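All remarks here apply to the structure that follows.
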Amino acid sequence: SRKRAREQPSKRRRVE
Amino acid sequence: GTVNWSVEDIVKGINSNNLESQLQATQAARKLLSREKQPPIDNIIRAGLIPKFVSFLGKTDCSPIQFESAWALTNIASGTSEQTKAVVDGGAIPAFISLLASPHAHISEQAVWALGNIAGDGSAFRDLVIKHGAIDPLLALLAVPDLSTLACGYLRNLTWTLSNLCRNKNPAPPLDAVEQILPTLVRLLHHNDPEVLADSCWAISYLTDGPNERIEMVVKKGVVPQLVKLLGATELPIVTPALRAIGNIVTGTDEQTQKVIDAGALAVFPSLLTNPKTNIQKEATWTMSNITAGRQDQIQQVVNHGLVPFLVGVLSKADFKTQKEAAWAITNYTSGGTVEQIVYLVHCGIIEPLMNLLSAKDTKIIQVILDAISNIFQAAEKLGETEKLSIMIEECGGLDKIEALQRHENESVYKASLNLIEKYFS
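Here the protein sequences line up with chains A and B, keeping their order. Going by my numbering, the first residue of the first sequence is number 1, and it counts up by one from there. Going by my numbering, the first residue of the second sequence is number 1001, and it counts up by one from there.
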């Protein structure tokens, strides 16, 4: 076929 | 009180065998680890504090130390893979899963968050969190008749953690885990909080980033109409993953692609293809290129929605990466389209911007464009209009770009290019 393959953080620190 | 303790003093308090002293020291550790700049994560690990923190997670009679240690460990696990590994190596996974059942919302919430950081490390820890049985108690927290009754911060953390269970490849998440999560994810995808919607869309984008069998699992859940709706959101953090998920789905079968079209996605594309965010334009143009790689009736829908002029526009002026997706969209269109569809494309003005891109210093886009031109000439042959096309190309200066390409280093370029000149220009 002609189909082709080709910002949320993976981790978050709790601050304050 | 517990502000700016040294690690040495934290160690002293933790080693005291006085639970209240240990609580004060754990809180002090939490404050070091929660500070705005450069938390001393490695220093805390080197001090050997992780096993103590993990033991404190089980202190049911002292909910404050459960909370403080949960927060401390969450932040250690938020760091590098080695830092996350230290937390896992200390036995934290089952201890956090046990805390999901805590009567204290702020504690169960912290456990949700910590497990999200651990799963977020990559496929191995994601799958290990799943093996320890995290999914059933996570989903149980969302088993309410109306999600609106839950605290919004609480709901956002649960959604984010669930999205990390859907994330990553090599391998993708276990099929049974995906099936187990999907119904709750669909419910979150209909919830009216912008952050829950964004993270739900991210999760769906991960689940659709794979083989057609994975796409089908999602499409079958009937989420495409809701994705198309979110595609029209005013919040960029929602539009971005909604568009990625839609883009992923149209890499699938012609039938999966058709669900996207039936849901009304094409009507959103005039705005997506002119979006002031470069990344949105690029993703939308990539998506269009996979739709024009579809059936002739799907190409016809692209035509009917008036999207061909928008493709001419992106080809004429856009970030170069987007222009390359547009070149692909055109080559696919000309490869699969009818003669009539191809004629329509030329009438929309595709030739001049196509020729202008032949001066790009990118071998791939040159090959893609020469292919398109060849495809368009083949259509001209069927109408006996190779000359008219030959003239259009000369007039916009395309011929002495093609002529110059006959001397190009890449074999295909010089070769295709030679072919075109003799064949239609000689």
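For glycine and all other residues, C-beta sits at the position ideal for the given N, C-alpha and C.
Candidates the options, of which the one nearest residue i by Cα
i                : options                               : result
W1286 of chain B : B:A1245, B:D1146, B:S1034 and B:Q1256 : B:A1245
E1195 of chain B : B:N1212, B:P1171, B:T1161 and B:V1219 : B:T1161
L1272 of chain B : B:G1232, B:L1197 and B:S1098          : B:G1232
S1359 of chain B : B:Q1323, B:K1388 and B:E1387          : B:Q1323
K1059 of chain B : B:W1071, B:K1037, B:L1019 and B:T1338 : B:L1019
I1299 of chain B : B:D1319, B:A1265 and B:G1337          : B:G1337
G1079 of chain B : B:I1045, B:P1103 and B:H1104          : B:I1045
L1155 of chain B : B:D1136, B:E1179, B:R1187 and B:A1177 : B:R1187
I1369 of chain B : B:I1351, B:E1381 and B:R1167          : B:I1351
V1260 of chain B : B:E1008, B:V1302, B:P1237 and B:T1234 : B:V1302
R2 of chain A    : B:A1379, B:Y1333 and B:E1395          : B:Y1333
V1007 of chain B : B:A1029, B:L1420, B:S1016 and B:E1255 : B:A1029
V1339 of chain B : B:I1130, B:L1158, B:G1384 and B:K1220 : B:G1384
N1275 of chain B : B:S1034, B:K1361 and B:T1234          : B:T1234
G1247 of chain B : B:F1056, B:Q1281 and B:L1150          : B:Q1281
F1425 of chain B : B:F1067, B:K1220 and B:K1401          : B:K1401
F1377 of chain B : B:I1342, B:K1031 and B:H1347          : B:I1342
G1252 of chain B : B:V1223, B:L1243, B:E1283 and B:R1214 : B:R1214
Short Cβ contact (8 Å threshold) for residue i with residue j
i                : j                : result
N1290 of chain B : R4 of chain A    : yes
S1081 of chain B : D1042 of chain B : no
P1353 of chain B : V1312 of chain B : yes
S1205 of chain B : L1189 of chain B : no
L1023 of chain B : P1064 of chain B : yes
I1366 of chain B : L1405 of chain B : yes
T1240 of chain B : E7 of chain A    : yes
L1420 of chain B : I1373 of chain B : yes
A1263 of chain B : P1237 of chain B : no
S1335 of chain B : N1304 of chain B : no
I1097 of chain B : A1134 of chain B : yes
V1228 of chain B : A1198 of chain B : no
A1072 of chain B : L1033 of chain B : yes
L1128 of chain B : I1093 of chain B : yes
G1090 of chain B : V1144 of chain B : no
What are the complete alpha helix (DSSP H) segments, minimum 4 residues, inside the segment 1101–1177 of chain B?
List check, alpha helix (DSSP H) in window: 1105–1119, 1123–1131, 1135–1140 and 1152–1166.
Name, going along the chain, the residues of the segment 1361–1389 of chain B whose beta-carbon falls closer than 7 Å to a beta-carbon of chain A.
Cβ proximity to chain A below 7 Å picks out nothing from the segment 1361–1389 of chain B.
What are the residues of the segment 1187–1201 of chain B that lie near chain A, defined by any Cβ-Cβ distance shorter than 9 Å?
Only those residues of the segment 1187–1201 of chain B whose C-beta falls short of 9 Å from the nearest C-beta of chain A are listed: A1198 and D1199.
Whole alpha helix (DSSP H) elements within the segment 1205–1293 of chain B, 4-residue minimum:
For the segment 1205–1293 of chain B, whole alpha helix (DSSP H) runs of length 4 or above, ordered along the chain, are 1212–1219, 1224–1231, 1236–1249, 1254–1262, 1269–1272 and 1278–1291.
Give me the subset of the segment 1219–1245 of chain B whose CB atoms are less than 9 Å from a CB atom of chain A, sorted by chain position.
Those would be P1237, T1240, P1241 and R1244, in chain order.
Using a beta-carbon distance cut-off of less than 9 Å, what residues from the segment 1064–1095 of chain B approach chain A?
Near chain A, meaning a CB-to-CB distance below 9 Å, the residues of the segment 1064–1095 of chain B are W1071, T1074, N1075, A1077, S1078, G1079 and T1084.
Interfacial residues, the segment 1250–1266 of chain B to chain A, with Cβ spacing under 7 Å:
Under the 7 Å Cβ criterion, the segment 1250–1266 of chain B contributes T1251.
What residues from the segment 1302–1332 of chain B come within 8 Å of chain A, judged by C-beta to C-beta, listed N to C?
Legend: CB atoms of the segment 1302–1332 of chain B lying less than 8 Å from CB atoms of chain A belong to residues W1328 and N1332.
Please name the residues in the segment 1285–1300 of chain B whose beta-carbon is closer than 8 Å to at least one beta-carbon of chain A, in chain order.
Residues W1286, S1289, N1290 and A1293.
Would you mind listing the alpha helix (DSSP H) stretches within the segment 1043–1108 of chain B that are 4+ residues and don't spill past its ends, in chain order?
Those alpha helix (DSSP H) runs which fall completely within the segment 1043–1108 of chain B and span 4+ residues are 1050–1056, 1063–1077, 1081–1089 and 1092–1099.
The segment 1097–1115 of chain B: positions lying closer than 9 Å to chain A by Cβ:
Listed by position, the residues of the segment 1097–1115 of chain B near chain A (Cβ gap below 9 Å) are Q1110 and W1113.
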